[PDB]
Structure formats: C-alpha cells, structure tokens
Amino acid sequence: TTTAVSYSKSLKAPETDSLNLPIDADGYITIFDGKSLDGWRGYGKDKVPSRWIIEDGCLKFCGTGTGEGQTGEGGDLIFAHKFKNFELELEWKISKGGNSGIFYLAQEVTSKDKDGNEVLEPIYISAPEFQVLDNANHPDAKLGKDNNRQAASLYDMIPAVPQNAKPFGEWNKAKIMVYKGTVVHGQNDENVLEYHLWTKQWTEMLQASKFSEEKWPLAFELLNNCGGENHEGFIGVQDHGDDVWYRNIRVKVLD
C-alpha cells in the first residue's frame, strides 16, 4: 500500500512530479525509510547536498564543525512536498556536542540585492524550528531563556517541558503536529510544548525574538504569516555543521 506524493525538483519549482511512497493503516506516509533520498533536495538547490548521505538505513549529515557557517557541499535538506495540517514522527541521534534541528512550514525565500541579483534567504527566517541537541555538551543548552534552546524546544521561544532527551549517541523520538494552527512538539512519547500560530501571542513571541519587526522585517512578515498565504510549507533538517542521524521519517496528513 502506497500513495502519490507530489514533489518539486528545484528552487520554487511546481510539484509537477510524484512518488509512490509507503502509507501504513493509520495514514503515516514513509518519506524516508533508508532506501533512497527521492523527494529530498537541498533547500534552494536542485540536488541533495553531498554532505547529506544514506548511512546504514539512516539519513546522515557529515559536518565540518562550522556551526551556522554552512559549506558549499552542505546546507539544510528539505522533503520537497508542501504540508499544511500534518503529524510528523521520526528518530534522531546526535553526535557529542552536536546541534541540528527539524524545520516545518518552511518556504524557499529569495530577496533582491543592491545590483538586483536574486539572493537565497535562510530557511529559519520562514520556518519554526524543533531543536536537535546534545543538551549536556553543546553551549546553546545554557543560552537563551529557561532552557528554550535545548532539544525539542521551539528554538529560542518555548522550552521543552519536561526536558526528557536521551544523551548523545542514543536514539530520540521526535513529534511535530500542525493542526489548523495548533502546534504540539513531542519527545520520547511525551508532549513537551504547545502553541498557536497567527495569534496575538504568536506575534508578541516574535517581537521578543531575533526575528522581531525592528530587527528582521522580512523574517517578521514571513514568520508572522507562517506558511505564507496557504499556511503550508516544507519539513526540513538542519546543517548546523555537526554529525547527526535521522531515521523512520513518517508523516500523516491531517484532515
């Protein structure tokens, strides 16, 4: 049993092509089983970046330790199918002192520079992030406010309560549910936070972040109207310069 899943092949391209992916009895579509990277491509790219590989049934990023300073063969990886109301489930394993993340409702955003040239804007200026971290050894675990930069948090906004991440080198379960603006983060079979998009509280959360109206006007208008006019976007995984493994990536479309 499979379902036709549309996907785009390059920057802002339409979802002209389709894949027949496994769908279970409960409606969960396997978007990564460890057999291929079909449907996946680099954010703003027409190919899978070379540093993203299939290692022993796992999706692995081969980092160089440069953090946010992504290499030419790196960059964030998206599953090029736009989702709206969905429930994502996966397992992740982080390297010691490692950092990554799961992006959702992401848009491929470009902006015009001084000479009028098209510039690719980061995935994080449009996409909320589920933090992936070695809480014990990465310094980000001590930054922000009330541990809101630790594993499964809404990065720099809402902490995961309880903070039940397993240590580095152990498989952690992750859950992201988006249902008509209601967002729930799950970790190791527990709900760790909930929030609501396109509300007064969402706007005031953005005004107290790096993506405030005054600091980043483009990031503000994109995140304030998260998912664009259709409130939809891509699920992606982050290049934060560290080795990270993902497996059993499945998505249920919510009606």
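Residue positions are given as counts along the sequence shown, with the first one as 1.
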Inset, instruction - With reference to the PDB entry, specify whether the mean Cα temperature factor is higher for 108 to 116 or for 125 to 133. - result: 108 to 116
Inset, instruction - On mean C-alpha B-factor from the PDB entry, just flag whether 18 to 26 or 242 to 250 is the higher one. - result: 18 to 26
Inset, instruction - Kindly indicate the residue among 52, 40, 198, 220 with the greatest C-alpha B-factor in the PDB record. - result: 220
Inset, instruction - Please rank the C-alpha B-factors of the chain's modelled residues and tell me whether residue 146 sits in the lowest, middle or highest third. - result: highest
Legend entry - CA B-factor placement of residue 227, once the chain's modelled residues are sorted into thirds: middle
Inset, instruction - Classify residue 169 as lowest, middle or highest third according to the C-alpha B-factor given in the PDB entry, relative to its own chain. - result: middle
Inset, instruction - Place residue 191 in the lowest, middle or highest third of its chain's C-alpha B-factors, as listed in the PDB entry. - result: middle
Legend entry - B-factor third for the C-alpha atom of residue 162 within its chain: middle
